[PDB]
Amino acid sequence: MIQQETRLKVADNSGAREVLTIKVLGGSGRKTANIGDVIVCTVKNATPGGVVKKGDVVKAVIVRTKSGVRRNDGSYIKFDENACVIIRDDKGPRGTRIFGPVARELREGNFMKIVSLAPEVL
Amino acid sequence: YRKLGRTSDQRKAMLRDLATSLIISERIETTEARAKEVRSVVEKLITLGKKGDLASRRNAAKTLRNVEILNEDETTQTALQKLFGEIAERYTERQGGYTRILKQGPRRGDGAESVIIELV
Amino acid sequence: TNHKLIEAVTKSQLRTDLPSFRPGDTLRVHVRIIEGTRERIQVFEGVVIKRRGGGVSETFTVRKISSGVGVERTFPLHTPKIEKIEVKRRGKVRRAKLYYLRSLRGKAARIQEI
Amino acid sequence: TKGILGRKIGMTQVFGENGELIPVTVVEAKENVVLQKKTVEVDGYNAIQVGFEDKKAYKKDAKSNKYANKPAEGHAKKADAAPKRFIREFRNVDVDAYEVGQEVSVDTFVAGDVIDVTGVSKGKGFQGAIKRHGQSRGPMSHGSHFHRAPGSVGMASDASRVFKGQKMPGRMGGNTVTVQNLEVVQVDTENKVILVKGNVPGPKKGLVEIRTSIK
Amino acid sequence: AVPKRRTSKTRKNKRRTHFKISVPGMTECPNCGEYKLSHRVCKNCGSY
RNA sequence: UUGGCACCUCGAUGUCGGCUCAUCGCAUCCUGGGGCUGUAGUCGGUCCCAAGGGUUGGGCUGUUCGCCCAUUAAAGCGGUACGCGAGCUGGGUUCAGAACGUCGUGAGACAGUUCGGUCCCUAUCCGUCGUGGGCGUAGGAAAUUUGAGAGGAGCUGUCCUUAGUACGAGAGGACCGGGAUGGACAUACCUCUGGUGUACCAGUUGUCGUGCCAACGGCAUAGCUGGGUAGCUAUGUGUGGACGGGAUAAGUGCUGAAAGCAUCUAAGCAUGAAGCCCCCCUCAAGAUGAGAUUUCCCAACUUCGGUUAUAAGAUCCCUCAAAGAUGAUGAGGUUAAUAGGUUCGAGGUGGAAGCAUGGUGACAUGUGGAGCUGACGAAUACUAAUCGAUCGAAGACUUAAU
Ligand SMILES: [Mg+2]
């Protein structure tokens with residue numbers, strides 16, 4: 001359950017090492033988000049270099065959360081850390097790799113380049 | 003279950019003390035609520051007594067207080083010994099009950115329905 | 002038991018081809034993933050963390066490490082989506098729920114066989 | 002079109018055709034009997050009355066609703082039935098497809114209908130504005146003394162009164178609620194149980210009036 | 002939070018219409034014939 | 001709004017912002033219907049009908065306001081003692097302390113700043129939210145009820161399709177309808193995910209005690225720590241606002257004359273909105289108009305009912321919870337499973353005690369998923385609902401049919 005003022009790790013090589021969120025897109029009054037949902041956020045720790053630099057405002061997608069998700073069969077997938085990936089306003093990543101596991105529910109959101117450039121779909 | 007207008011430690015203590023005293027006297031006078039709540043505790047202790055194996059003895063030692071009864075002819079024995087030698091035999095064939103309750107009229111200082119809980 | 006009518010109406014959904022295990026055992030659960038246009042199988046491997054009330058309502062949890070990122074999947078025990086469960090190896094624990102593995106990584110999360 | 006009186010037993014789960022977890026409630030409908038056939042010229046509206054369960058027969062010196070009273074024995078004996086415990090009626094039904102004295106059986110429902118279950122809610126007793134009415138309560142710190150009470154009950158001199166409908170503390174529960182567009186997953190004819198997808202109102206051991214969606 | 006006016010004798014006597022003690026639940030005792038409370042032990046005799 | 005007047009209030013009408021709760025207008029911010037346009041459709045602008053619903057989260061200031069950062073379909077304007085302090089705060093302002101700048105010879109002063117500065121009240125009445133008793137409904141009762149009325153909902157996004165089609169040098173680009181998913185919000189429920197679970201299980205520290213080791217109890221926030229049943233719960237699970245009628249608003253017409261033409265109008269007759277009415281959910285015969293259906297009860301003294309006691313039915317009393325502040329509601333009272341206990345089981349905890357083996361010891365292993373197990377499921381009268389008491393009909397006239 002991700003709301004504004006929540007710090008997330010970036011799971012990509014965009015430059016951003018860790019970021020925090022401002023809004024959850026998707027509706028007036030929308031308050032929370034889970035895997036497959038986009039958020040506006042501003043990086044707080046960048047790598048020296050990288051395409052994204054510290055203090056920028058960026059669109060981003062949640063790829064793993066500690067709250068996790070119910071699946072239609074009564075199966076639940078949970079994780080040990082929140083995480084996110086930056087996007088280029090086309091459901092495409094800004095970086096060239098992607099670190100760590102990803103949840104299968106991103107397949108539906110048509111974040112296919114995120115699902116294709118991933119260590120483990122789950 | 004009931005709380006008896008009292009905390010947890012003070013109730014645990016009251017219930018076990020009241021059960022011990024009942025075992026000593028075989029019939030006591032108290033208020034309905036506490037009779038209704040000591041019924042189960044004393045009934046379960048007698049069950050621990052209908053087996054008499056060392057495990058049940060050790061386990062029933064948890065609840066009973068350590069008291070001494072002077073029987074006829076200056077014979078002395080404690081609450082555990084009474085439970086396991088004078089009350090186990092009496093209810094070896096009965097498969098429940100073990101206690102009855104006889105409502106009495108309200109007391110004077112309060113409007114509490116005094117009752118007499120007795121070992122049957 | 003539980004209510005008899007609950008137990009009767011849901012007895013047909015219980016699986017019997019399943020093995021017997023306990024928390025702490027590391028195992029391989031196989032799952033029919035009907036992703037794409039194929040019913041593939043993904044051998045999920047983890048350490049059982051807990052399991053809950055009987056009936057169709059029993060659910061068990063398994064924990065693993067993917068890329069240094071802990072992942073846990075709860076599965077209903079009698080889900081028809083599980084092809085098979087192999088207790089790949091036994092485990093000597095002293096709990097019934099193993100929540101205390103969410104803070105350890107590496108040899109600290111060690112388990113003795115049998 | 003269809004209607005059955007039942008009682009709620011609990012909830013469980015079933016697994017669906019594609020693996021989906023289905024949340025379900027077990028309802029027990031047994032010996033539902035028609036006791037009358039209301040008619041437009043006799044009573045002004047056409048409908049049928051169904052009795053559910055089974056009370057015991059009259060006894061002299063009864064002290065509980067367990068046994069039927071003389072008034073009820075007579076009503077049920079005119080339908081050659083045993084005294085029943087819960088009696089309701091249905092209007093949506095075609096009165097001419099039923100006969101005074103038939104059994105309404107669980108199999109009236111097939112798998113995949115759309116039904117409305119009407120029961121009574123669980124009692125929460127006397128409650129306050131935050132649980133009963135969903136009100137945001139006040140600050141818990143910063144020197145507040147307004148934790149859970151409801152706020153202003155009105156204005157000032159204009160309307161020197163509290164208007165009707167002001168959401169204030171009191172009893173919660175004990176209200177008839179109709180959940181709509183539920184469906185039945187299976188009907189079992191031997192244990193006499195209609196399984197309904199979702200959850201229904203009421204305490205365990207209650208009463209539900211299942212009939213066919215009006216929408 | 003103070004009475005804005007007096008409660009007349011009429012209002013007073015009206016409010017306390019339902020303020021009364023109920024006659025006790027007493028039945029005659031089968032061994033002695035004296036009255037006892039129902040479901041309690043007779044205090045005159047000591048029976049059932 | 002800034003004012004003017006000084007009419008109620010100085011034997012006191014708390015004044016600003018914020019919080020909680022709203023309620024009403026419409027000169028409408030979005031959504032619905034239209035006339036238009038210097039409208040090709042998307043675009044926008046303008047005006048009309050529309051108040052049913054909806055009409056964000058933050059940074060900065062005590063701020064209202066305003067600016068800014070992200071969103072949204074929109075982030076509307078006002079009334080309500082600039083709504084609401086016997087509902088809350090008290091940052092600003094307006095007591096006493098202090099300090100700076102300025103004015104004053106001075107005491108002191110400034111609507112100039114600045115730091116600090118006690119928010120009392122057990123609700124009588126009306127009002128409002130729930131919940132009982134009495135009586136009336138021309139007999140006394142048990143159950144099922146129609147609905148005069150009343151209340152609640154009423155919001156809307158994106159994607160796909162038609163279609164890259166119409167319309168477009170192009171660039172761009174649907175209308176309709178027809179599918180699919182959301183946001184917010186309201187409800188019901190605990191199966192699942194979790195929360196809590198102070199008479200459940202387990203580990204452990206200090207200390208006192210049952211002489212003693214071993215076992216256990218008291219105290220230390222439940223001493224602490226890991227779990228956790230029932231119940232109660234959301235952030236969890238379903239469901240809902242779906243159709244569809246009838247009358248309309250601005251508007252669009254048809255036939256049609258006064259005024260042989262015309263012309264939406266005067267006769268009449270069409271169509272047309274999230275608006276009106278119904279439709280959908282809930283309460284509802286104290287609806288004193290007191291309604292309807294089925295059933296049950298039905299004598300015998302009067303000296304004339306202003307009549308006992310009894311039916312049918314309840315209650316007293318008592319065991320209880322699916323109900324509960326109390327009373328009510330509901331499950332039960334021996335011809336009995338209502339609760340307790342007993343027996344079995346579910347779920348929870350996790351390998352009891354005592355033995356035997358191994359170790360110098362701290363310990364480990366087998367017995368034995370053992371032992372324990374509050375509310376959860378079933379059976380069993382073993383214990384308690386033993387005895388008894390109280391209340392409760394005999395049915396009015398008048399007229400018309402019979
Ligand atoms: Mg005055």
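Residue numbers (the entry's author numbering), protein chains in the order written: chain I, 1 to 122; chain L, 3 to 122; chain N, 2 to 115; chain D, 2 to 216; chain Z, 2 to 49.
From the three backbone atoms N, C-alpha and C, an ideal C-beta is built for every residue, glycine too.
{"Query": "Cutoff 8 Å; reference N:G69; Cβ partners in own chain excluding five residues on either side", "Result": "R106"}
{"Query": "For L:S23, the first and last residue of its enclosing alpha helix (DSSP H)", "Result": "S10 to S27"}
{"Query": "Listed by chain order, chain D residues near I:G74 by CB distance under 7 Å", "Result": "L22"}
{"Query": "Contact list for the region 75-89 of chain L against chain Z, Cβ threshold 9 Å", "Result": "none"}
{"Query": "Per DSSP, the bridge partner or partners of Z:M27", "Result": "Z:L38"}
{"Query": "Closer than 9 Å at the beta carbon, the chain N residues around I:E81", "Result": "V70 and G71"}
{"Query": "C-beta atoms of I:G15 and I:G50 nearer than 8 Å", "Result": "yes"}
{"Query": "CB contact check: D:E29 to chain N, cutoff 8 Å", "Result": "yes"}
{"Query": "Rounded C-alpha distance that separates L:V69 from D:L196", "Result": "59 Å"}
{"Query": "Cβ contact (3+ pairs, closer than 8 Å) linking the region 53-70 of chain I and the region 11-31 of chain I", "Result": "yes"}
{"Query": "Cβ-based contacts, 7 Å cut-off: residues of the region 181-193 of chain D near chain N", "Result": "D189 and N192"}
{"Query": "Buried or exposed (CB count within 10 angstroms, at least 16 for buried), D:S161", "Result": "exposed"}
{"Query": "Buried versus exposed call for D:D44 [16 or more other C-beta atoms within 10 Å across all chains shown]", "Result": "exposed"}
{"Query": "D:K198 - partner residues in DSSP beta bridges", "Result": "D:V25"}
{"Query": "Close-in-space but distant-in-sequence residues of the same chain around I:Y76 (CB under 8 Å, 5 per side omitted)", "Result": "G68, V69 and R70"}
{"Query": "Residue-chain proximity (D:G11, chain N), Cβ-Cβ < 8 Å", "Result": "yes"}
{"Query": "Minimum Cβ-Cβ distance from L:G107 to chain Z less than 8 Å", "Result": "yes"}
{"Query": "Exposure label - D:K61; buried when at least 16 CB within 10 Å", "Result": "exposed"}
{"Query": "Within-8 Å CB hit, I:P48 to chain N", "Result": "no"}
{"Query": "Simplified DSSP assignment, three categories, for L:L82", "Result": "helix"}
{"Query": "Segment contact, 8 Å Cβ cut-off, at least three pairs: the region 11-27 of chain Z with the region 26-43 of chain N", "Result": "no"}
{"Query": "Touching by the beta-carbon criterion (3+ pairs, under 8 Å), the region 46-60 of chain D and the region 69-80 of chain D", "Result": "yes"}
{"Query": "N-terminal and C-terminal residue of the beta strand (DSSP E) that N:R29 is part of", "Result": "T27 to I34"}
{"Query": "8 Å contact criterion, which N:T17 and D:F16 should meet: CB distance rounded", "Result": "Wrong, their Cβ atoms sit about 15 Å apart, outside the cutoff."}
{"Query": "The region 54-61 of chain L touching the region 31-46 of chain L, judged by at least three CB pairs closer than 8 Å", "Result": "no"}
{"Query": "As assigned by DSSP and simplified to three states, the class of L:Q106", "Result": "strand"}
{"Query": "For D:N182, three-class secondary structure by DSSP", "Result": "strand"}
{"Query": "Contacting residues, own chain, Cβ-Cβ under 8 Å from D:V185 (five flanking each side not counted)", "Result": "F110, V111, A112, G113, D114, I116, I195, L196, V197 and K198"}
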